[PDB]
Amino acid sequence: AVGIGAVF
Amino acid sequence: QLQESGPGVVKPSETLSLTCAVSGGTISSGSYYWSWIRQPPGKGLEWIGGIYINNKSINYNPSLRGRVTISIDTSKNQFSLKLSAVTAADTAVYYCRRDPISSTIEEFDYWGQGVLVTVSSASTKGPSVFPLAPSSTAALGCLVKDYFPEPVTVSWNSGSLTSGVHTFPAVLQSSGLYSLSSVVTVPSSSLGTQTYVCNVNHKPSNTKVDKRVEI
Amino acid sequence: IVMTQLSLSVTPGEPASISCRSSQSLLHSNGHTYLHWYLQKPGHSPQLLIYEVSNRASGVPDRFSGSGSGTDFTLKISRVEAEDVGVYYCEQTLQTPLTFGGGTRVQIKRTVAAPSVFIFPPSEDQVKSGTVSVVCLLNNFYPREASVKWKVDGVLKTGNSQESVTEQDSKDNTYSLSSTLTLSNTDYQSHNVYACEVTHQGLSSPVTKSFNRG
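Residues numbered from 1 in each chain as written, not as in the entry; some residues may be left out. Chains lettered and ligands numbered in written order. Heavy atoms only, no water.

Method information in the entry identifies X-ray crystallography as the source of the structure, with 1.782 Å recorded as the resolution.

Per the PDB entry, chain C is named Antibody DF2F-b.04 light chain, and its organism is Platyrrhini.

By the naming in the PDB entry, chain B goes by Antibody DF2F-b.04 heavy chain and is assigned to Platyrrhini.

Put into structure tokens, the structure is as follows:
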């Protein structure tokens, strides 16, 4: 993936 | 970038250990999310767990939580996976993956090539190779029987014969050993004009077997 | 939390749409929507096609595009060719756990093609070690549905065979099938005629290939 919402 | 390493075969109820070697940058980078993913043969993808920067930000698939642990080794630039109490359901190709946390970093991920892990009590063993003798179009082939674990590769005439070759998915027998067939269809008038040799490679046993196939 | 996506038969050159539905909204409080699409070609690791609903990853050709909203998403291939055959997976990275959809297989649809059928007796090498494997080959057929029935001296067999099928061929978009009948040496020498009977909609009647032991 590109973009990991889980770290934000 | 990423390269997985594994034990090959794990006995049921024992512990599977894998490592992923990271290159081109430090695993401690806050630009990336690092994951373990697996795929049983012929099935879909399953996320195992992942890590952001260090061991204080590890998360797991609920279906594996309490049975898996993931760790990081910054000295070796590695991260690792430990899966206990393994069953045949844990037989799978295991991938590590690097995800940029933002497209601002870059617009591609990276997947390792993956490493097969087989959970079984069976002993590692190279195959027996038997001819499938031919006796418009004719068919001949090789029966690659009673090997463990996967995989084998089959080429024909040292790779010079590729058109019209079919190497089939292996089947797992009740014995716990695998068997597969590789075939080639040729014009009936091609029989006898040249030799037909199957080159069977079984990397787990480090064995190579050639079998000439004839009427 | 789950994502909902099976086979898609597509005429070459025509468009394909693959659907993904999520149990929860994939919209993050930061405004981004963390849904991505992968293609896994046979024998390869998955390749990212679309990230965050609609963005192509580096080097991904423009015949791929993505669209969607909250819980409903669609991957589009404008003109499908042979290199697009494989399994397409959606994935969410909104929150842990990260999750994949079940996959959607894309296969090229073609006209019916009947199999060429071959039967192989056990080799004399193998019979020496106490086992006999009889192999039936079904070559280059379409569609994938095919039925193989083993008969030993005209008697139907059950529970004593295994089969497998290749992935769709890249040039003719056909399938091939191998089935192995396994018996002990003693049981093999007790019977005479071994036959594999093949039923397929490319044939007008079941085709039988057989041999006489000895």
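Having seen the model, we can carry on.
Under the counting rule described, the total for this entry stands at 14 salt bridges over all chains. Between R98 of chain B and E106 of chain B there is a salt bridge, with the nearest N and O atoms lying 4.0 Å from each other. We note that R98 of chain B, like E106 of chain B, is buried. One salt bridge connects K151 of chain C with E197 of chain C, and the closest N-O pair in it is separated by 2.6 Å. Note that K151 of chain C is positioned in strand β14 (residues 147-152) and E197 of chain C in strand β18 (residues 193-199), a separation of 46 residues in sequence. Using a relative accessible area of 16% as the deciding quantity, one classes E197 of chain C as buried. Bridged by salt links that share partners, the residues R38, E46, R67 and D90 of chain B form one connected network. (Salt bridge = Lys/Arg side-chain N within 4 Å of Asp/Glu carboxyl O. Buried < 20%, exposed > 50% of the residue type's maximum accessible area, 1.4 Å probe, protein only. Helix = DSSP H or I, 4+ residues; strand = E, 2+ residues; numbered from the N terminus.)

Next up on the list: the packing of aromatic side chains. Scanning the model with the defined rule gives 11 aromatic pairs over all chains in all. Judged by centre distance (5.4 Å) and plane angle (55°), the rings of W36 of chain B and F79 of chain B are tilted. Pair noted here: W36 of chain B is in strand β4 (residues 32-39) and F79 of chain B is in strand β8 (residues 78-83), with a separation of 43 residues, a long-range link. Each of the two residues, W36 of chain B as well as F79 of chain B, counts as buried. When the ring of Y188 of chain C is compared with that of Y194 of chain C, the centres are 4.8 Å apart and the planes differ by 40°; the resulting orientation is tilted. (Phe/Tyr/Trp six-rings, centres within 6.5 Å; stacked < 30°, edge-to-face > 60°.)

Here we take up the interface of chain C and chain B. With 37 residues of chain C at the contact, the number on the chain B side is 43 residues. Both sides together, the interface formed by chain C and chain B hides about 3,200 Å², and carbon and sulfur atoms give 62% of it. Among the residues of chain C in contact with chain B, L98, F100 and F120 of chain C are the three that bury the most area, contributing 17% of the side total. Taken together, the links from chain C to chain B amount to 2 salt bridges. In this structure, the salt-bridge partner of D125 of chain C is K211 of chain B, at a minimum N-O distance of 3.1 Å. Along the contact surface separating chain C from chain B lie 12 residue pairs in polar contact. Where the side of chain C that touches chain B is concerned, the elements lending two or more residues are β4 (35-40), β5 (47-51), β9 (86-92), β12 (116-120), α1 (124-128), β13 (131-141), β16 (161-165) and β17 (175-184) of chain C. (Contact = heavy atoms within 4.5 Å. Buried area = accessible area lost by both parts, 1.4 Å probe. Polar contact = N/O pair within 3.5 Å; in protein donor to acceptor, adjacent residues only side chain to side chain.)

What follows deals with the environment of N139 of chain C. Turning to its location among the elements, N139 of chain C is positioned in strand β13. A relative accessible area of 6% means that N139 of chain C is categorised as buried. Taking the C-alpha atoms as reference points, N139 of chain C and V117 of chain C, 22 residues apart in sequence, are found 6.4 Å from one another. Apart from the residues lying within four places of it in its own chain, the contact partners of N139 of chain C are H166 and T185 of chain B together with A114, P115, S116, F118, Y175 and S176 of chain C. Within the local environment of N139 of chain C, its side chain forms a polar contact with the side chain of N140 of chain C, the two groups lying 3.3 Å apart.

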